[PDB]
Each structure stands twice: as C-alpha cells, then as structure tokens.
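Notes follow once the structure below has been shown.
Here the Cβ positions follow ideal geometry from the backbone for every residue, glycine too, while neighbour counts run over all protein chains shown. Every read-out reported here was derived from the displayed coordinates using simple, explicitly stated rules and does not represent laboratory data.
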Amino acid sequence: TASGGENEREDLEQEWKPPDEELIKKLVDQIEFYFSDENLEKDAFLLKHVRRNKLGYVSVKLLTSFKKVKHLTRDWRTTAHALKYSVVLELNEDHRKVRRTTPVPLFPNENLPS
C-alpha cells in the first residue's frame, strides 16, 4: 500500500518458465484417457489408488509418478502447471488435483457401494 517490494528479493526477477503446450497437451491427453469410462475399469490407479470416498479426487502429485505419465519427462513440476491449463477435467483448486464430476460405471460387479 505505502511503498514496498514486489518480488525481487535480491536475485529473483522472472517467474517459473512455462513449457510448451506440446508437453501440456500430451499430459492432459493422458487424463482425458485415464477417466475414460472403458478406461476406468482399467484405471483404478488414478481413482481407486488416490482414495475411495465418493467424489473421487486424484492428486496430481501422483500423476507425475505415474508410470504412464512419468514416461513423458522428468519435469514432474511443469507436469503439474501443465494440467493447471487443463479445464476439461475437474482439478483441485491449486490445480493440484484432478477429480471427476460425472463418472460412468466401470465395473458393476467389481464395485458395490453402500
């Protein structure tokens, strides 16, 4: 309010260097694939792993260490922000997660809630 600093402490100046949509589109491509109905039955690693409540919340931190996603690049960091630009799915507030708002049944016999 009354004079002060902005961010430059004593070295920093520029923010995080954003990657190219090339890698961001690839990452997000895995998600839209992961949550695929027919893939759900085969994607218990994202949903069934993170947790099993009802809303189905997926931690992005896990997607980074996901043998399928990690096969992309060691840049597990930008891998997060990359998703931050993915509004197709429902991500946790700091776009740190990736939950669903309308999941379809994958296994009616393998899963019996309530």
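Let me confirm something: among 62, 40, which residue is out of contact with any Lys or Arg (no Cβ under 8 Å at 6 or more places or on another chain) and either closer than 14 Å to residue 97 by Cα or β-branched (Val, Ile, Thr) (or both)? First the steps, then the outcome.
Details: 40 fails: either closer than 14 Å to residue 97 by Cα or β-branched (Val, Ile, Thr) (or both).
So the residue among 62, 40 that is out of contact with any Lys or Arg (no Cβ under 8 Å at 6 or more places or on another chain) and either closer than 14 Å to residue 97 by Cα or β-branched (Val, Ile, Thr) (or both) is 62.
When residue 25 is evaluated against the numbered criteria (1) of a type outside the set (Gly, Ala, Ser); (2) under 23 Å from residue 101 (Cα atoms); (3) surrounded by 14 or more Cβ atoms within 10 Å (Cβ to Cβ), which criterion, by number, is the only one it fails? Residue 25 satisfies every listed condition except (3).
Go through the stretch 8-59 and count every residue that is among the hydroxyl-bearing types (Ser, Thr, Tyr) and in contact (Cβ under 8 Å) with a residue 40 or more places away in the chain. Before the answer, list the steps.
Of the stretch 8-59, the ones among the hydroxyl-bearing types (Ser, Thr, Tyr) are 34, 36, 57, 59.
Still in the running and in contact (Cβ under 8 Å) with a residue 40 or more places away in the chain: 57.
Residues flagged as among the hydroxyl-bearing types (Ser, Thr, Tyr) and in contact (Cβ under 8 Å) with a residue 40 or more places away in the chain within the stretch 8-59 amount to 1.
Counting only helices (runs of 4 or more DSSP H) that sit wholly inside the stretch 9-56, those with at least 1 residues that are basic (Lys, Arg) and farther than 19 Å from residue 86 by Cβ are 47-50. Considering the stretch 28-53, the residues that are touching a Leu at 6+ places or on another chain (Cβ under 6 Å) and not aliphatic (A, V, I, L, M) include one that is surrounded by the most Cβ atoms within 10 Å (Cβ to Cβ), namely 34.
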